[PDB]
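Reading through the structure tokens given below for one structure.
Backbone-built Cβ (ideal geometry, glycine too); neighbour counts: all protein chains shown. No lab work stands behind these numbers, since they all come straight from the coordinates.
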Amino acid sequence: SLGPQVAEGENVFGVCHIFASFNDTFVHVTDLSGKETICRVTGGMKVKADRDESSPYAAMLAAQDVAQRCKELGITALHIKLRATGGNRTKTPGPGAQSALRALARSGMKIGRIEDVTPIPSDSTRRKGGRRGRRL
Amino acid sequence: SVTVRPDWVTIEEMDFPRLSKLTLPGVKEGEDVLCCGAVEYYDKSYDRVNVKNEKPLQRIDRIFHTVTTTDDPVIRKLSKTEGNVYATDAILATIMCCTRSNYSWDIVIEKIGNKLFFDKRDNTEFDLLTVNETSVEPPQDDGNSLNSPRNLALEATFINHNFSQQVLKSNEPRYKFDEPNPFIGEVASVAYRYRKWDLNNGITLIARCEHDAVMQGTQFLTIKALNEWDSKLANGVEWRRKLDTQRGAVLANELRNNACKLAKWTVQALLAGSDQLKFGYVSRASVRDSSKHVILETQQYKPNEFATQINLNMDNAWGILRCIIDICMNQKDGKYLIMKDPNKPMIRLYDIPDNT
Amino acid sequence: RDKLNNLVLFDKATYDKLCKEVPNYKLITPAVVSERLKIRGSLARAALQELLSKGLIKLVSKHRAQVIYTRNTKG
Amino acid sequence: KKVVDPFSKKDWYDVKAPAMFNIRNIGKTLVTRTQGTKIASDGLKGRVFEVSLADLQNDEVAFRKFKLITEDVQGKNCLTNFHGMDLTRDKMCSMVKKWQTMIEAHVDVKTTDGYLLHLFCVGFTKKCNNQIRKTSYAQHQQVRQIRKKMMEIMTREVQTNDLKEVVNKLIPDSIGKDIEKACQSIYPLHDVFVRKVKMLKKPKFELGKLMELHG
Amino acid sequence: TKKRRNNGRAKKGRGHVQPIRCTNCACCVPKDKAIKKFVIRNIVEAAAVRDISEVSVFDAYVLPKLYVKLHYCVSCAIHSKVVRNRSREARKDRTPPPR
Amino acid sequence: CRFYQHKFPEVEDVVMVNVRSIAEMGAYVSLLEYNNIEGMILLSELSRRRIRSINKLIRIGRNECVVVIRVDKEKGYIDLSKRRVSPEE
Amino acid sequence: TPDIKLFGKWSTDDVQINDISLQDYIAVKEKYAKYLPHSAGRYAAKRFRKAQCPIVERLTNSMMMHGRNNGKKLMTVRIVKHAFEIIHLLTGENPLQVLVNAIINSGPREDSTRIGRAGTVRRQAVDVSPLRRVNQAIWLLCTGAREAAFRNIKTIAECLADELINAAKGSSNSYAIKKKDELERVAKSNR
Amino acid sequence: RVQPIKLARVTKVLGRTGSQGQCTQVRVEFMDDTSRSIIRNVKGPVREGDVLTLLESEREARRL
């Protein structure tokens, strides 16, 4: 399984599915349906630091190696799917979201399209924490 | 630069990243086939021109020759002796520093037999000194205004011709190598050097190469002039105020803004082989007066030191020249154009008639 | 800290080597001689004066702290 | 501990939008080689392709993510069928704003095809021609009534006009303007936008129609 | 005395309201007694757009926006300076600073 | 010298160094599996968590099971790791 | 002499100033053509007076540290002009130009400034000034000279010439090559 | 991951910042591509223009 007809000269699209979160930034590109991911590379795959796994510099290491193997495997363009934590949670991406997309732009993976993929409830199920929480 | 005529057969595009990746290592130096002309000594007391004691730019009434290959008889004299590609220093610098150009340039590659006469058409916008091509914003004023792209290019070419003969010891005897200047006190004190290069891909290169000056160390000089017209409008730094603890940085604040012109000035020194490649800080008297000019500093560098600084590779520069020759030597005879697009960073080979 | 001693004897084995290490010698200070040999550094001076007297080496500095010699005129 | 080279085992499948999209071949997916030692036809023809219209139509928009079930893969070509179109988050939460009446309409409506669809909508109010009110509201009576017409026209046009013609109405919101126009005697309604299309039932009997969708 | 008149934000015309957590501390505060905040922000923020927009090919589509409605508890609004200590004459002001 | 035929450690080489003397940023620690070859530690990355103490009776002469990040086979600088160490007990 | 002024026993000419950032912070022949390195006996009158002082004169300045050696430039310029002699007999090159190359390979490219991140040590990848790049070149050159002479038969001039030659071409035997790289290590390092 | 050395000249000092006001904010325009303009910091004192040898444009040196 190399590229489909060529590994450069066409924009055969992969979809980013970048689950940018706190304490990791997953750069995890799938097929266009989603079922078949390529490049299981976390932001702490490159730097297993357990406090720097969502950090910008480690995600630049993470996204470009994905961006390397994407253009290796004939996927030459990316629909940006930059995901936060999502759901009934903090739903905020980590710091490894700005630099890593900048990194794969510098790596050479094309971007045709940008769209938001963060899920938010209708105030569904209860949140972690009691009444006080971390008191400040 | 010129209207692309319908009888101009476009041959082959050469994009600038395409010309950025070419390499040609192991290129032999210019073996001097003939050295003709006369250059005066350098006034070494012109180093007493600095940030608080300037020098007004002196128009030197001398005949300047930028004579193309098919009109240079001594290139055509050495057409029989050695070579199959015949050029000048201004032509090859425009070829080697093609990738830094934004404004359009055209060079006729007049293929006559198994020869590539790299010709420039006489009186074109090719021998001028284009001002702020590669800036963030070039001077966008209209041609009537003095702050236009042309009137500054006419100014810089007017500055550098007046400057390079001013810095010469203009009334002291001339350092003639073998021959006098074959295009004639009346002439500009300039000396041509015709050199031989094997271009590996078997191209014996003969080109016109010239030294601006000689200087008693005897050191060959190539001397150009940097213009300052209105640096508030030129989007650079104002020179006159400090110029000293930055000093190479005020030099650096023109390099991105003028990338093609100064790198061509590097190649013309490297094609000639000078001993000290000098440059002159020349500003206007007042910022909206493009005739009165004052020299701020005549700054001296070595050619290999100046080629170290700015932006240059020669394996690329020979590899670009290896590419263009191997196209043109294999195409039709007669006049060509290798022409830069005014708005796009690429150059294309045309096949024009000899009537153009 | 440091505890070093050269041979503080006038040493033929060093000096015959010094007469035969002399084409490697071009920067010839007595400290270089005291480190290329085990001659003292004091006695390197007098040995190089003998090697100066041979004319193989040549003074290029003579300061009260340290002299410098140089083997034949340019190399 | 364990890695493989599965990129010696994937096959490329040309993801086909229907021929009511001027770009049919959306893209290609390296789907793992469907075989006896490695069955991947369910991750081939069960593939729902969530693609925005920009690579589907050729570009009116670059939002509106269509979901595309692949009713048949026909010789390395994922000939997809429509599943569900969207109005995705940046386009979706742009119109959501304070000091307006956010108007909504969820319907569950059978196509003229065998497909049950859900269609959820959104609607908003305007600051009108001479309005000096900062906000834009009305009585809750008008708020209920606009939702009733919004559900009505949405159930109507999807009960008619079988699945691909539902696709061929709603990109400039064929249901959209008439809810504004019929209410314009009451409220001219600056927004009607159907946003959540969920295919509730999906029988494969339209393989000839899949060849009518495509080709 | 009443150190605040509206006590964070008034509850007039409402006998009782629903509470909310902090978006960064999960501390229980009422809805109309807390500090709310809308955020309209690019998903393509200016650190990446100098390289994304150049590699954004086949992309004549405009920059997308993220829409986040934040809600703080007062304790983590003040120490983080979402709100902060103003003078009591300024405490009369119902005015949000502009964006 | 050493009983290893190889002269130097390699990349991610878990090595046993000798803490000779503590220096400015760290300690120029010398390997003993490979002969006497000097390596370095902190400023950058040796520790993982923050409890802010180093020694009570631990005088000198220790040995550190550290993992080579960078090795300069020509220049002579061996950068060492323990922050990366989850399994290298 | 009015045509060109050289060094006291060498030549300010034939000096190859070959760095990118260090232009006009390194000059010996451009405006600073000096047989005798001494300007006025002060060099901290202005921030400008750093680039006014050439690298050949600041070397005579940045050597006299170590309070018993402070207030002694006449001992220094002796040992400094001794050190040029020890260069040429080891090199043959212009010992100013060796010193001029010694500033080049001892000047850093990117260094690090301190920053905080989650209690853990990270440092910001920053450039330093080409003024500082010279000042990080000279001070590391001045450190290995007196130190290696301090318990050795070699004087400071023999250690400084070895300090310049191994930093004129980076041999990692001069102190300045070895300590520049640790400064440049942290930039590609933390965060 | 890895990228070659970029010579970005100073266009403008953007300030002297940091805890002590000593980390020199600097607009280093890329000097090779005139549209690219990156912003980095300098540890030492800089007067403008001087070509800063950026080993990277990654790990973006910004306000502090």
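Odds and ends about this structure:
- Rounded to 5, the percent of DSSP beta bridges in chain B classed as antiparallel: 75 percent
- Going by neighbour counts of Cβ atoms within 10 Å, the residues A:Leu101, D:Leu189, A:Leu82, B:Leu78 line up, fewest first, as B:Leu78, D:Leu189, A:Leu82, A:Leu101.
- Once you divide the Cα radius of gyration of chain E by 2.2 N^0.38 Å, the number left is 1.49.
- Helical segments meeting 15 Å axial Cα length and Kyte-Doolittle 0.5 threshold in chain G (DSSP H): G:74-90, G:156-168
- Shape box of segment B:242-356 [Cα atoms, principal axes, largest first, Å]: 55, 34, 24
- Estimated translational diffusion coefficient (Stokes-Einstein, Kirkwood radius over Cα pairs, 25 °C, 0.890 mPa s) of segment F:13-87: 192 µm² per second.
- Our summary gives segment G:61-134 a relative contact order of 19 percent, counting only alpha carbon pairs under 8 angstrom and 6 or more residues apart.
- Relative contact order of chain F, taken over Cα pairs closer than 8 Å and 6 or more residues apart, is 32 percent.
- Inter-chain Cβ neighbour average for residues D:12-24, partner chain, 10 Å: 2
- Neighbour counting of Cβ atoms within 10 Å sorts the residues E:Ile78, H:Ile38, B:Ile63, fewest neighbours leading, into B:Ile63, E:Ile78, H:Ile38.
- Residue exposure proxy: B:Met329, D:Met85, D:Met102, ordered by other Cβ atoms within 10 angstrom of their Cβ from fewest to most, comes out as D:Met102, B:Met329, D:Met85.
- For chain G, the ratio of Cα radius of gyration to the globular rule of thumb 2.2 N^0.38 Å stands at 1.05.
- Restricting the chymotrypsin sites (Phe, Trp or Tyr not before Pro) of segment D:72-173 to loop positions (DSSP other than H, G, I, E, B) with no more than 14 neighbouring Cβ atoms within 10 Å leaves D:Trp99, D:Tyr137.
- Taking the inverse of the mean 1/r over every pair of distinct Cα atoms in chain H gives a Kirkwood hydrodynamic radius of 11.8 Å.
- Rounded to the nearest whole Hz, the Karplus-based 3J(HN,Hα) values (6.51 cos²θ - 1.76 cosθ + 1.60, θ = phi - 60°) of segment A:23-34 follow the sequence 6, 5, 10, 6, 10, 8, 8, 10, 5, 5, 6, x, with x at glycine and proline.
- Backbone amide hydrogens, once placed in the peptide plane, bring B:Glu210 within less than 5 Å of B:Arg193, B:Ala272, excluding anything fewer than 5 places away on its chain.
- Note on D:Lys1: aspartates and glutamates with a C-alpha under 19 Å away, same-chain residues under 8 apart excluded, are F:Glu12, F:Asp13, F:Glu88, F:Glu89.
- All Cα pairs of segment A:33-113, percent lying beyond 19 Å: 37 percent
- The dipole here belongs to the protein assembly as shown: it is taken about the Cα centre, uses +1 on the Cβ of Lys and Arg and -1 on the Cβ of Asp and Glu, and is about 9480 debye.
- Residue-averaged [θ]222 nm for chain G, counting only DSSP H segments that reach four residues, each worth -39500 (n - 2.57): -14500 deg cm²/dmol
- Residues of type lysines that B:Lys335 reaches as a straight line, Cα spacing below 29 Å, ignoring anything fewer than 8 places off in the same chain: B:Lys21, B:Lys28, B:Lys77, B:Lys80, B:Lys111, B:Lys115, B:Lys120, B:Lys196, B:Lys261, B:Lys264, B:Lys344
- Selection from C:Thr70, C:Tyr15, C:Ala46, by position along the positive dipole direction of chain C (Cβ): C:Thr70
- Amide H within-cut-off set for H:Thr53, under 5 Å, with H built and near neighbours excluded: none
- Hz values of 3J(HN,Hα) by residue in segment D:34-41 - Karplus curve (6.51, -1.76, 1.60), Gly and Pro given as x: 6, 7, x, 6, 8, 8, 9, 5
- Cα long-axis angle, helix A:56-72 against chain A (0 to 90 degrees, to the nearest 10): 30 degrees
- Average partner coverage of H:36-44, which counts Cβ from other chains inside 10 Å: 6
- In order along segment B:12-20, phi translates into HN-Hα couplings of 7, 6, 9, 5, 6, x, 4, 7, 7 Hz, rounded to whole numbers, per the Karplus curve 6.51 cos²θ - 1.76 cosθ + 1.60 with θ = phi - 60° and x for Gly and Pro.
- Those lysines that a straight Cα-Cα span of less than 22 Å connects to F:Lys7, excepting residues fewer than 8 apart in one chain: F:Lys73, F:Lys75, G:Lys178
- Most to least packed among H:24-35, G:149-160 [average Cβ atoms within 10 Å]: G:149-160, H:24-35
- Legend: mean number of C-beta atoms from other chains within 10 angstrom of residue C-beta atoms, peptide A:124-132, equals 3.
- Principal axis dimensions, largest first and in whole angstrom, of the protein assembly as shown by Cα: 117, 96, 77
- Remark on G:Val121: its backbone amide H falls under 5 Å from none of the residues 5 or more positions apart or on other chains, H modelled at 1.01 Å from N.
- Normalised by the number of residues in chain D, the mean separation of alpha-carbon contacts (under 8 Å, six or more apart) gives a relative contact order of 21 percent.
- For chain B, the convex hull drawn through the C-alpha positions has a volume of 135 cubic angstrom per residue.
- The long axis of helix D:140-159 is offset from the longest Cα principal axis of chain D by roughly 40 degrees.
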